[PDB]
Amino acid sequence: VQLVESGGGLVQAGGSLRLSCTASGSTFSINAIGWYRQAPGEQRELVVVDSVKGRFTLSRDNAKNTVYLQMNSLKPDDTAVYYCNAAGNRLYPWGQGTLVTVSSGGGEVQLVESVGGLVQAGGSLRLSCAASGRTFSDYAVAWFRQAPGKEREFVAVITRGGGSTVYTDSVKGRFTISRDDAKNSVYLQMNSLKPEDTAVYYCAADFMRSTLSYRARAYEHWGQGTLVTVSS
C-alpha cells in the first residue's frame, strides 16, 4: 500500500480547502478510509464530518481510489498535519501527509495591506500598510506573520514619530520598517528573501503614550492579511 495525501496549504481563517488521498499499490486497499489530524506538538487523533463539526465533508471517487475532505469555515484550531488511513479494518502504512495551516490575525481604524508577491529567494519585496479611517501618525504599527506549520510571530514595529524600531532576531539584517506619515502609511522592506519568509503578513496598530510590546494581544487594530510566497 502506498497512501499519498495532497492539496493542503496556507490559507486564512474563514477559508476553505479540499484534501485528497489516493490509495494505491499491490494489495487490496479497501476504500472505507478516514482522516487523521496531528496538531504541531501533539500526537495524531482522528477527525473522521464526525468529530463535532458542521463544517467538514467526507466524500469519495471510487473510479480513482481517492478520498476527499472538504474543509469549510476553517479555524486556526484546524492547523495540523493531515493523514488518511483506515478508521472494521486497521493500520495501513502512513504516507508523508499534507500540511494545513489556518492563519489568523490578532484582536475604528481600517488597516489595508498592499498585495505582497511571489518572488524568488534572495529577492526583495516591499509591503505597505495604510489606515483608511484615521491619521496613522499617532499609532505604533507592527508587522506580524504566520508561516506554514508555525505559530504567528512578531516581525517588526515602529513607534509614533518613527524614532524607535525593533526587529525579531531572524530578520535583523534583512527587513526594514519605516513610515511616511504624509502618505498615511507604514512599509516593510524585505531583503534577502528566504523560504522561512513565506507566510501571511499582517499589519497591526495601537495607540501609545505605554511600553513598546511585541505580543499580538497588545494591538487593537489589524489588517486582513497579505500573502508572501518565496520560490526558488
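Residues carry their position along the shown sequence, with the first being 1.
*Asks:* Per the entry, how many residues of the deposited chain go unmodelled between residue 125 and residue 126: none, 1 to 3, 4 to 9, or 10 or more?
*Replies:* Nothing is missing between them.
*Asks:* How big is the unmodelled gap, if any, between residue 107 and residue 108 relative to the deposited sequence? Choose none, 1 to 3, 4 to 9, or 10 or more.
*Replies:* Unresolved stretch here: 4 to 9 residues.
*Asks:* Mean Cα B factor from the PDB record: higher for 92 to 100, or higher for 139 to 147?
*Replies:* Of 139 to 147 and 92 to 100, the stretch with the higher C-alpha B-factor average is 92 to 100.
*Asks:* Mean C-alpha B factor from the entry: is it higher for 171 to 179 or for 49 to 57?
*Replies:* Per the PDB entry, the higher value belongs to 49 to 57.
*Asks:* Highest Cα B-factor in the deposition, which of 192, 164, 184, 38?
*Replies:* Highest CA B-factor of the listed options: 38.
*Asks:* Sort 188, 33, 199, 203 by C-alpha B-factor from the entry and give me just the highest.
*Replies:* Of 188, 33, 199, 203, 33 has the highest C-alpha B-factor.
*Asks:* By the record's CA B-factor, is residue 87 among the lowest, middle or highest third of residues in the chain?
*Replies:* Answer is highest: the recorded C-alpha B-factor places it there.
*Asks:* Ranked by Cα temperature factor within the chain, is residue 227 in the lowest third, the middle third or the highest third?
*Replies:* According to the entry, residue 227 has a C-alpha B-factor in the chain's lowest third.
*Asks:* Among all modelled residues of this chain, ranked by Cα B factor, put residue 9 in the bottom, middle or top third, i.e. lowest, middle or highest.
*Replies:* Its C-alpha B-factor belongs to the middle third of this chain's values.
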